[PDB]
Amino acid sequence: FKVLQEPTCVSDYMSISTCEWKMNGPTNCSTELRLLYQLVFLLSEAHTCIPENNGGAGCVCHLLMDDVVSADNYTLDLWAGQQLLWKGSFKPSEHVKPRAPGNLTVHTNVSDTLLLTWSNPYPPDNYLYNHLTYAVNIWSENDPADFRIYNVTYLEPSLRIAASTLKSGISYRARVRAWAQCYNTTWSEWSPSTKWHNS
């Protein structure tokens, strides 16, 4: 057994981190490997993760974080049986991947505009609450060439598009992803889509 590429991890900055790594040869991740992780701190407890196969020689491990702050630093130990293969560190605040928004709904209140609203994926108790800027993606079901990405740079999770920039009689679909500039995060996965057919 040998480590091909080094384990890289991402965090949602709330509860779950995820780590991926490729192996030398094909391996049964659940049978051969164990991943120990623990928060470097006075009061902390060690945790063990069972890897899942993602491919032939690619293992993935879901990590459990009760609470994450920016200073938190975790020690990762990759074990094959009783012989260490790889050791490393992981600061979740430096590898954040936010949770996707949801509760995406279409409001036809105003006749001059079309209101889109979604739910901020984090509770107000989370540090990422007032740092999430979103990006709404709208596309036409009839004209695939109509594929727009609006950038929402204010704190509220809503979007008002001019009703004149939409065409009458065709149905559009929308989805929204989120990112936090303050923490230099990657993008969240696209939310599930909503559909509407305006006339």
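Numbering starts at 1 and follows the sequence shown.
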{"property": "Stretch exceeding the other in mean C-alpha B-factor - 55 to 63, 140 to 148", "result": "55 to 63"}
{"property": "Of 69 to 77 and 105 to 113, the stretch whose C-alpha atoms average the higher B-factor in the entry", "result": "105 to 113"}
{"property": "Identity of residue with top Cα B-factor, from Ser44, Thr165, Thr31, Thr48", "result": "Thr31"}
{"property": "Assigned third (lowest, middle, highest) for the C-alpha B factor of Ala178", "result": "lowest"}
{"property": "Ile161, C-alpha B-factor rank within chain (lowest, middle or highest third)", "result": "middle"}
{"property": "Third of chain Cα B-factors occupied by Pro121", "result": "middle"}
{"property": "Chain third (lowest, middle, highest) by recorded CA B-factor, residue given as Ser171", "result": "highest"}
{"property": "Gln38, C-alpha B-factor rank within chain (lowest, middle or highest third)", "result": "lowest"}
